[PDB]
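Student: Build me a structure from this.
(4 chains, ligands or ions: 4)
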Amino acid sequence: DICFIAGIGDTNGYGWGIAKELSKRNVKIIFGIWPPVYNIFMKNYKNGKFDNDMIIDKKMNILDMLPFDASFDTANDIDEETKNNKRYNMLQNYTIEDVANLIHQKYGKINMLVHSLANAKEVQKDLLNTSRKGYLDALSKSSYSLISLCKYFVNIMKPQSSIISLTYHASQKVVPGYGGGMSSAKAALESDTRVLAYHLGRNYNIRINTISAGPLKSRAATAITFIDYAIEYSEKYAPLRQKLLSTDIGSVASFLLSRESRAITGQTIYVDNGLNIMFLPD
Amino acid sequence: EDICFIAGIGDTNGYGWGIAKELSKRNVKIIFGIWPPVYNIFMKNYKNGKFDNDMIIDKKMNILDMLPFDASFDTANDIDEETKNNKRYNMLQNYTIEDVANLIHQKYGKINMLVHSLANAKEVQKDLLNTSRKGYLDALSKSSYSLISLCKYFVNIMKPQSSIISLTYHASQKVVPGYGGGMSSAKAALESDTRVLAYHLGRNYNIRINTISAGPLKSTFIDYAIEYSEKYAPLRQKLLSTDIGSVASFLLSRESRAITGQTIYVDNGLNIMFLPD
Amino acid sequence: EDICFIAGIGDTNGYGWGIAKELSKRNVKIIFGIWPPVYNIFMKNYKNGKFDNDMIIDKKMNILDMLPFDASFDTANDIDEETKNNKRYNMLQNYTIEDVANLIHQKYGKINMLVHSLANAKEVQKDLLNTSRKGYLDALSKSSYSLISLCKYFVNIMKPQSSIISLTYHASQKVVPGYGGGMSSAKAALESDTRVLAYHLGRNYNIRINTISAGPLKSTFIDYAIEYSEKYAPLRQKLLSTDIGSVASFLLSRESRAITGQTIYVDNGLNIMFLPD
Amino acid sequence: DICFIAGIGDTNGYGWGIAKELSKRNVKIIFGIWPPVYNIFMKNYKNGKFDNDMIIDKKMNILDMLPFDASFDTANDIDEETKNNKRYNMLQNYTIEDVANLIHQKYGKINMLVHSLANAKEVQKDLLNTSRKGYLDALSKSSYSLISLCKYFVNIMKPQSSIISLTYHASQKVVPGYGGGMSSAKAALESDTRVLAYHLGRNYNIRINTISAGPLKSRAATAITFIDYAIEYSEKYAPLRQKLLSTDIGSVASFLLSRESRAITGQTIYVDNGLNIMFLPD
Ligand SMILES: NC(=O)c1ccc[n+]([C@@H]2O[C@H](COP(=O)([O-])OP(=O)(O)OC[C@H]3O[C@@H](n4cnc5c(N)ncnc54)[C@H](O)[C@@H]3O)[C@@H](O)[C@H]2O)c1
Ligand SMILES: NC(=O)c1ccc[n+]([C@@H]2O[C@H](COP(=O)([O-])OP(=O)(O)OC[C@H]3O[C@@H](n4cnc5c(N)ncnc54)[C@H](O)[C@@H]3O)[C@@H](O)[C@H]2O)c1
Ligand SMILES: NCc1ccc(Oc2ccc(-c3ccccn3)cc2O)c(Cl)c1
Ligand SMILES: NCc1ccc(Oc2ccc(-c3ccccn3)cc2O)c(Cl)c1
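Tutor: Residues are numbered from 1 along each chain as shown, chains lettered A, B, ... in the order given. Ligands and ions are numbered 1, 2, ... in the order given. Let me share the structure:
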């Protein structure tokens, strides 16, 4: 049982929580990490900074930790500026195709893929005031990255393997302040999940679903006090008033990835203490 | 110990059984509620070892008890003659919803997993348009209201962080000609009620409740549904009652503490398809 | 001439009236069905000119007739004593669904627009969780099944390319604490039944059927709903009964020949909002 | 009552049918037209070729017919190659900002906007096999064009104005063969419709909805016998067995655009003889 988690920059995200729970079930974990934060993540790991967090009387497995940039499909896609940037030029094989081939050489076929990354340069702006170039950015890094991720991993994956991504309810209902086309990319990503589920199903016997998670105070969540407010609101209005942990998403992700969800494919599962069901406060 | 009540089962060919088999994998003690009129039969078949092979998991399914259970009656007060003097019913006792909740609580104490796995419409083979008021409401009473009732009476005998599920079918959201009698209307209400109950039980008892929208099984209309499904579903595999059961097991556990009020499709992905090919 | 039957109206403060006003704009002749127990009152108020100003469109609303109408009874056969000897009912006649369809057909011939605008649950102020079986089913019978019944008996007296609508509320899809008694379950089923009826009536009689999911009006719970709505809805304007009526008029016309089985939200866009701001 | 229809290349589309019905109600119509087909559309108009089709005992109004390219927001966005292409270099003011300013000079404020255009270079490929550049193409011309269209027209539009676009059910359910990210763009567009509806509502008292239309044998529909099959299927399985005309979409569009739908905003209305409601054939 091998899982590649694409998109973990630290310990405060959904990627980490997913990692943790996949370990409880003894699956081997390969982190794919964005180069802007790669050196410093590695450093912290070495300094045993994440050592508290790797606690489960269990200890986390971490098979490998690779540089990974979901905006590049192949090496030909890497622009020269990036190729030479201070933070990339010492690193290698970080395109989507490249990490796919890496992994396969080092470990062969794997059977679990977590897409856990999103990005938009104009997330701060709202839809109307987002540029074409900013919108297409959001969709390229949040939505298309999934598709591409699939294209390349699908054949280093065994039959009956399963894939998941992460989404947010703002695709289905309006959350003012979730901007830059981020809603649009979650909308796109939830649709692609259905279409990919059809293709990967018939053709590769491979499942794909997506988890619509609640608010977590991740690094990326602070890409705009919205989130503190979102957590506040969720903890007062959701059917379940417990605090939403990333491990909560993690245990569901783990389930989706296991053979136990063998007959669930193409779905948007909500893991959010049921907030999505409410129309009216009280 | 962990105890699950499965309300609505008459053989091994259904969901309740698949759900029971899978729960047994986590060593959950199982109590079956059986519709009184087939209860003794079921009890007989059990004795004659008829369910022996279906019961093997290599470990034996631990069936804590098997009780008469009629989802159409809330309390004893509702047992309305004739019924009281009906050939089958009169030899049995304590089969109303509230009565069953008392027995279970008395013999075993509190439980922590509830499964509503029962559907019945007396006119299930006619168009909604040709369904009678009496028929429709029987559908809603047995297949929809029963869920609320079961919750009302069982919440008192459940630990906090308990979990509930029912079974639903996609006919509620999209047209399936053939699923008549108001079974569609029933599931529509069941799914909506699952949301509403999720809010109340969640806030008031920290109890979760979800519904599994399952694909066709077996346990006429079903024979088409299955062929169509295995033809067009994203996933080519045969859908098993344990496929629903393993999902149920998960939903009924703490691993899904943050999921509630949801409709989970376990149908090989049939629901995502628009037109064939 | 074009004739619309509006089943479910007791004053000018509701949807049936707003719908009636707007239909009158297209010179549609209107027949009102009134719940028998308030029928004579309504008839009195009509006589005393109480509805005179509400009736002006500058042209006068043409009310073809006003008949007692009880959505809880399908045929005469169902009028079950007491009811037959109830203070209000016994002085009236032909108010069952089938009976009304016969009168209309007899006096005016075929119609071509039907409006189901009636909702009633006897326990509308309690939680779903505290709602009784009797209460729930009354809800489903009056607010949901009535729709099917009305279709069953009226299709015979309708021209082809006829059109039908009912009114629904978003509580069916998402939790609105306060909308209890199974009104939510009712609307859930009404919306699902609208799809199913759309298939049958569409294929079998080329008749269309849709439902309007309206925002709060007036006609307690509503007072909050309205303030919240006018605060948070995408559209700041006050929502009028004629806002629903103008949409209804459209849906009931040939201009919408290619729309059927749909739930149309007329609620200033409230439904698209997740969290406030 | 002025309406700008963005995206009509001939008489066989939804744009034309919408035009026709808006005329029945005496509203003035400005066609925005893609330059690759502009000269030839004009020619046909002049040769009175469309004269049969402009029949309603009514005759169509056509206030103006402008060149229009929804892939350009402003003149600065026009690449030099395009700027010089055989088919563009004789034409002017065809960016989104430009046609917005044109129209306003010539006629002032308008109050009706029809988005009726879509495009994807790799529509023939299916999701998995679509490139980043092809996906982003679909989203840029089918989804973002709407947003941009709004940004620029919103303030040459009076309060209480209304906007509509066109979508297809493949966003919500899987239609194999509707590829190139076209499903993804309909998914995105239906989401943006909700978010735009919130912003335009509160801020400009302006409504936006989208129509999910059935199959019509438009020029663009043949961008892949899929459609003949789609029309075949729809006419045998839809609740309504009538043939679906573009004027059917047109009369609904007209309604959405009128004050009659004054309280409907942010919605996806299905105009498809109810096919979307079916799960199972028979
Ligand atoms: N935090 C929330 O409230 C919330 C809610 C719902 C959904 N989500 C989703 O969860 C997922 C994970 O986000 P998170 O909230 O855990 O924050 P996060 O910052 O931990 O996760 C995003 C990570 O992806 C990496 N990344 C960004 N762009 C990349 C690229 N081009 N390629 C590779 N790596 C890249 C970043 O380094 C970052 O660490 C996202 O898809 C997000 O949309 C988050
Ligand atoms: N035909 C169908 O079965 C169907 C079904 C559902 C939805 N739709 C939608 O209806 C809308 C109209 O398409 P149609 O089916 O009438 O075909 P159509 O070809 O008549 O409409 C598309 C028109 O937009 C123009 N166009 C394309 N790219 C453009 C750009 N960059 N800027 C400006 N103009 C451009 C083209 O010249 C074309 O004539 C589309 O949004 C489509 O997605 C069509
Ligand atoms: N540059 C941007 C960026 C924007 C959003 C992101 O993901 C999310 C980050 C936060 C939330 C969120 C926000 C509020 C409440 C609940 N969840 C949802 C998300 O999808 C990420 Cl990971 C990055
Ligand atoms: N290059 C491409 C391109 C692709 C799809 C398009 O629009 C549609 C064209 C056809 C259908 C369609 C296809 C089959 C059945 C019903 N509708 C749906 C659409 O959204 C258009 Cl206008 C252009």
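Student: And the helices in the stretch 1-150 of chain A, which stretches?
Tutor: A:14-24, A:38-46, A:80-84, A:96-107, A:132-142, A:144-153 (DSSP state H, counting those that start in this stretch).
Student: Can I get those in JSON lines including mean neighbour count and distance to chain C?
Tutor: For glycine as for every other residue, the C-beta is placed from the backbone atoms N, C-alpha and C. Formatted as JSON lines, the helices of the stretch 1-150 of chain A follow (neighbours: other Cβ atoms under 10 Å in any protein chain shown; distance: least, Cβ to the nearest Cβ, whole Å):
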{"stretch": "helix A:14-24", "mean neighbour count": "24", "distance to chain C": "19"}
{"stretch": "helix A:38-46", "mean neighbour count": "15", "distance to chain C": "32"}
{"stretch": "helix A:80-84", "mean neighbour count": "10", "distance to chain C": "36"}
{"stretch": "helix A:96-107", "mean neighbour count": "18", "distance to chain C": "32"}
{"stretch": "helix A:132-142", "mean neighbour count": "23", "distance to chain C": "18"}
{"stretch": "helix A:144-153", "mean neighbour count": "25", "distance to chain C": "23"}
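Student: between these, which gets nearest to ligand 1?
Tutor: helix A:14-24 (3.8 Å; Cβ to the nearest ligand atom).
Student: ok so, going back, in CSV: the helices of the stretch 1-150 of chain A, plus distance to residue B:170.
Tutor: Converted to CSV, those look like this (distance: least, Cβ to Cβ, whole Å):
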stretch, distance to residue B:170
helix A:14-24, 29
helix A:38-46, 44
helix A:80-84, 47
helix A:96-107, 35
helix A:132-142, 29
helix A:144-153, 26
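Student: Quick one: the ones you listed as TSV, columns for distance to ligand 4 too.
Tutor: Listed next are the helices of the stretch 1-150 of chain A as TSV, based on distance: least, Cβ to the nearest ligand atom, whole Å:
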stretch	distance to ligand 4
helix A:14-24	34
helix A:38-46	39
helix A:80-84	31
helix A:96-107	26
helix A:132-142	17
helix A:144-153	18
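Student: Which one, of those helices, ends up nearest to residue B:104?
Tutor: Closest approach to residue B:104 among these is made by helix A:14-24 (32.1 Å; Cβ to Cβ).
Student: before we move on, back to that, for residue B:33, which of the helices of the stretch 1-150 of chain A is the nearest?
Tutor: Checking the helices of the stretch 1-150 of chain A against residue B:33 by Cβ to Cβ gives helix A:14-24 as the closest, at 33.8 Å.
Student: touching ligand 1 at all, the closest one?
Tutor: Yes. Helix A:14-24 lies within reach of ligand 1 by Cβ under 6 Å from any ligand atom, at A:14, A:15.
Student: quick one: contacts of the longest strand along chain A?
Tutor: Counting residues, the longest strand in chain A under DSSP state E turns out to be strand A:157-167. Strand A:157-167 has contacts (Cβ atoms under 8 Å, 6 or more residues apart in numbering or on different chains) with A:14, A:109-116, A:118, A:146, A:150, A:153, A:186, A:189-190, A:193, A:200, A:204-213, A:249, A:253, A:256-259, A:261-262, A:268.
Student: partners of it, with directions?
Tutor: Next to strand A:157-167 in the sheet, as set by DSSP bridges, lie strand A:110-115 (parallel), strand A:207-213 (parallel).
Student: For the first one, output the C-alpha coordinates as CSV.
Tutor: I take that to be strand A:110-115. Written as CSV, here are the backbone C-alpha positions of strand A:110-115 (Å, rounded to 0.1, in the frame of the first residue of the first chain):
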residue,chain,number,x,y,z
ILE,A,110,1.4,2.5,-6.2
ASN,A,111,-2.3,2.4,-5.5
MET,A,112,-3.2,5.6,-3.7
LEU,A,113,-3.1,9.2,-4.9
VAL,A,114,-4.0,12.3,-2.8
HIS,A,115,-4.5,15.6,-4.6
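Student: measure stretch A:45-55 end to end?
Tutor: Taking Cα to Cα, to the nearest Å, stretch A:45-55 runs 13 Å from one end to the other.
Student: can you tell me the residue of chain A closest to ligand 4?
Tutor: Closest to ligand 4 within chain A is residue A:191: 13.2 Å, counting by Cβ to the nearest ligand atom.
Student: Tell me who's in contact with the residue of chain A found nearest ligand 2.
Tutor: When scored by Cβ to the nearest ligand atom, chain A has residue A:132 as its residue closest to ligand 2, at 11.8 Å. Residues in contact with residue A:132, defined by Cβ under 8 Å, 6+ apart, are D:73, D:77, D:140, D:144, D:148.
Student: With residue A:276 instead?
Tutor: A:169, A:172, A:173, A:212, A:270, C:274.
Student: what do you get if the cut-off is 7 Å, keeping everything else the same?
Tutor: With contacts defined as Cβ atoms under 7 Å, 6 or more residues apart in numbering or on different chains, the neighbours of residue A:276 are A:169, A:212, A:270.
Student: Adding distance to ligand 2, write these out as a markdown table.
Tutor: Formatted as a markdown table, the contacts of residue A:276 follow (distance: Cβ to the nearest ligand atom, whole Å):
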| residue | distance to ligand 2 |
| --- | --- |
| A:169 | 26 |
| A:212 | 27 |
| A:270 | 29 |
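Student: element containing residue A:179, please.
Tutor: Assessed by DSSP states H and E, residue A:179 sits outside every helix and strand.
Student: Setting aside sequence neighbours, what's the nearest residue to it?
Tutor: Closest residue to residue A:179 apart from its sequence neighbours, by Cβ to Cβ, 6 or more residues apart in numbering or on different chains: residue A:126 at 4.2 Å.
Student: Based on its surroundings, how many neighbours for the closest residue to residue A:11 other than its chain neighbours?
Tutor: Among residues not flanking residue A:11 along the chain, residue A:53 sits closest, at 4.4 Å (Cβ to Cβ, 6+ apart). By other Cβ atoms under 10 Å in any protein chain shown, 15 other residues sit near residue A:53.
Student: Equivalent analysis for the one 10 residues further on, please.
Tutor: Applying other Cβ under 10 Å, we find 16 residues neighbouring residue A:63.
Student: what about the residue of chain A closest to ligand 4, which SS state?
Tutor: At residue A:191 the chain is in helix, as set by DSSP: H, G, I helix; E, B strand; the rest coil.
Student: What is the neighbour count of it?
Tutor: 29.
Student: Residue A:237 now?
Tutor: 18.
Student: That one against residue A:278, yeah?
Tutor: Yes. With contact defined as Cβ atoms under 7 Å, residue A:237 reaches residue A:278; the gap is 6.1 Å.
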